[PDB]
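S.K.: these are from a larger complex, still in place; more later:
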Amino acid sequence: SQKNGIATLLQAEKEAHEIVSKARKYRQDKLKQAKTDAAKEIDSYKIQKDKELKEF
C-alpha cells in the first residue's frame, strides 16, 4: 500500500505547488500594474497643467 498512499499525495502536491505558483504570478503582475496605471495618471496631469498655462 506504500506506492498507493505516496501517489495520491504526489498528485496533490504538484497541483498544490502550482496554485501557489499562480499567486506569485499575480503578485508580480500587480507590481507591474502599479507602475503602468501610475504612469497613465501622470502624463494626463501634465498636459492639464500645460493647458491652464497656455491659457495664462
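M.R.: Received it, and whenever you're ready, just let me know what you need. Numbers count the residues shown, from 1 in each chain, chains lettered A, B, ... in the order given.

S.K.: using CSV, write down the CA coordinates of stretch A:44-51.
M.R.: C-alpha atoms of stretch A:44-51 as CSV (Å, rounded to 0.1, in the frame of the first residue of the first chain):
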residue,chain,number,x,y,z
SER,A,44,-2.7,63.4,-18.1
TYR,A,45,-1.9,65.6,-15.2
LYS,A,46,1.0,67.0,-17.1
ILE,A,47,-1.0,68.4,-20.1
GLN,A,48,-3.6,69.5,-17.8
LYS,A,49,-1.1,72.0,-16.1
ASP,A,50,0.1,72.9,-19.5
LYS,A,51,-3.4,73.7,-20.7
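
S.K.: relative to residue A:35, how far out is the most centrally placed residue in chain A?
M.R.: Central residue of chain A (Cα atoms, centre = their mean): residue A:29, 2.3 Å from the mean position. With distances taken as Cβ to Cβ, to the nearest Å, residue A:29 is found 11 Å from residue A:35. For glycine as for every other residue, the C-beta is placed from the backbone atoms N, C-alpha and C.

S.K.: what does residue A:20 give?
M.R.: In terms of Cβ to Cβ, residue A:20 sits 25 Å off from residue A:35.

S.K.: and the helices in chain A?
M.R.: Applying DSSP state H to chain A gives helices spanning A:2-54.

S.K.: what's the burial count for residue A:20?
M.R.: The tally of other residues near residue A:20 (other Cβ atoms under 10 Å) stands at 9.

S.K.: what does residue A:35 give?
M.R.: Using other Cβ under 10 Å: residue A:35 sits among 9 other residues.

S.K.: chain B follows; place it on the structure:
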Amino acid sequence: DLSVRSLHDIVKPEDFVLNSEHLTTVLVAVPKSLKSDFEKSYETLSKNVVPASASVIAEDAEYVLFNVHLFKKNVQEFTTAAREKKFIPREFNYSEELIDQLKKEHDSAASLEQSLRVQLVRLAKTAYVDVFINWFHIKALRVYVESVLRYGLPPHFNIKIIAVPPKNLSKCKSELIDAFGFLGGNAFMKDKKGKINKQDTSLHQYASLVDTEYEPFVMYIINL
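M.R.: Chain B added:
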C-alpha cells in the same frame, strides 16, 4: 549502527519524497523489540502522517530502520512523540546535495587510504635500503677512527666482517678477546661475552661518548 548514521545508498523516489516542500521524510531508528510498536504507532505520532509508509528500508542486528512520510510542520510533533515511545529519530531529508555528499565521503575516504598505502609501503622499502647503507657507513667510519685512537700507528689495519651463526656470538667474542686482547691492554683486559643493551646502567654499552666497560681491542657487535 544507528546513532550518527544517515542512509544515502538505499534512496528511492517514493520511499523518500521531497520534491516541493509539502512532504518530507523522517527516519526513525527503532530497537527490534520496538519494531511492532512503531508499525502500530506511526500514524498517531503527529496529525497528517502518510498511510502505509512504515516499512523497514534497512535492518541491522540491534535496530530496524524505518521511513515515514509526513508534512513538514508536523515533523517537530512527530519527533518529540517518537522519543516518548522510546525510539530514536535519525533526521535525513532527500535533498539532492545531502545524498550526494555523504556518498562522496565514503568514496573519498576509500580513495585517500588506498593511494596512500601503496605510496607508503613503497616509501618504507625504499627508505629501508638507504638507511641500511648509511648505518654501515657510520660503523665502518666509527671502527676505523677508533682503531686509530686505540692502537696508534700503523694507519693501515687488517679489517674483517665475520658472519657468526645465530647463538654462537658469546663463544666467538671470548676467543677473540683472549688472542688479540693483550695488544690494547695487558691489564686493561678482562674476559667478556655477548651484548646486553640497558638503561639500568651505562656500563656495557661499548661507546666513546658515555662511560662503558673498556673492551680489550676494537670489537663491535651487530645484531640483525
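
S.K.: re-run the earlier check on the neighbour count of residue A:20 with chain B in the model.
M.R.: 12 (other Cβ atoms under 10 Å in any protein chain shown).

S.K.: same check, this time on residue B:42
M.R.: The burial count for residue B:42: 25, using other Cβ under 10 Å.

S.K.: distance of the residue nearest to the centre of chain A relative to chain B?
M.R.: 23 Å (Cβ to the nearest Cβ, to the nearest Å).

S.K.: shouldn't residue B:7 be in contact with residue B:29?
M.R.: No. Judged on Cβ atoms under 8 Å, residue B:7 makes no contact with residue B:29 at a distance of 10.3 Å.

S.K.: between those two, which is the more surrounded one?
M.R.: Using other Cβ under 10 Å, the more surrounded residue of residue B:7 and residue B:29 is residue B:29, with 22 against 17.

S.K.: enumerate every residue touching the more buried one.
M.R.: Residues in contact with residue B:29 (Cβ atoms under 8 Å, 6 or more residues apart in numbering or on different chains) are B:2, B:3, B:63, B:65, B:87, B:88, B:89, B:90.

S.K.: torsion angles phi and psi at the residue nearest to it when sequence neighbours are not counted?
M.R.: With Cβ to Cβ, 6 or more residues apart in numbering or on different chains as the criterion, residue B:29 has its nearest non-adjacent residue at 3.8 Å, and that residue is residue B:2. Dihedral pair for residue B:2: phi -90, psi 120, per degrees, to the nearest 10.

S.K.: quick check: residues of chain B near chain A?
M.R.: Within reach of chain A by Cβ under 8 Å from any Cβ of the partner chain, chain B has these residues: B:14-15, B:17, B:19-20, B:22-23, B:50-53, B:55, B:69.

S.K.: ok, now chain C:
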Amino acid sequence: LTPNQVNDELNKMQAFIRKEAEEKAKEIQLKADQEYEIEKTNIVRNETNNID
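M.R.: Now chain C, sitting on the chains shown earlier:
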C-alpha cells in the same frame, strides 16, 4: 497498519496539502492588492509634485 486506517489517513492528508496551498496563495494575492495601491499612489504623488 490495517486497510481501514490507511484510507482514513489518505483522505485526511490530501485535505491538508491543498488547504495549505490555498491559504498561502490567498495571503500572496491579498498583499498584491495592497502593494499595487501604495506603490501606484507613490509613483503618482512623487511626479505630480515635480509637475507642480
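
S.K.: the neighbour count of residue A:20 again, this time with chain C added?
M.R.: 19.

S.K.: that one reaches residue C:27, doesn't it?
M.R.: No. Using Cβ under 8 Å, residue A:20 makes no contact with residue C:27, being 10.5 Å away.

S.K.: who's in contact with residue 3?
M.R.: No chain in the question, so chain A it is. residue B:14.

S.K.: right idea, wrong chain: chain B
M.R.: Under the criterion of Cβ under 8 Å, 6+ apart, the neighbours of residue B:3 are B:29, B:88.

S.K.: gap between it and chain A?
M.R.: Taking Cβ to the nearest Cβ, one finds residue B:3 at 27 Å from chain A.

S.K.: which phi and psi does that residue have?
M.R.: phi -170, psi -10.

S.K.: that one and residue B:13: what is the separation?
M.R.: With distances taken as Cβ to Cβ, residue B:3 is found 27 Å from residue B:13.

S.K.: also residue A:46?
M.R.: Note on residue A:46: its distance to residue B:13, by Cβ to Cβ, is 59 Å.

S.K.: ditto for residue A:38
M.R.: 48 Å.

S.K.: out of these two, which sits in the busier spot?
M.R.: Neighbour count, other Cβ under 10 Å: between residue A:38 and residue B:13, residue A:38 has more, with 20 against 12.

S.K.: OK, contacts around that one?
M.R.: Residue A:38 neighbours (Cβ under 8 Å, 6+ apart): C:39, C:40, C:41, C:42, C:43, C:44.

S.K.: of the residues you listed, which is the most crowded?
M.R.: Counting neighbours by other Cβ under 10 Å, residue C:40 comes out on top of those with 21 neighbours.
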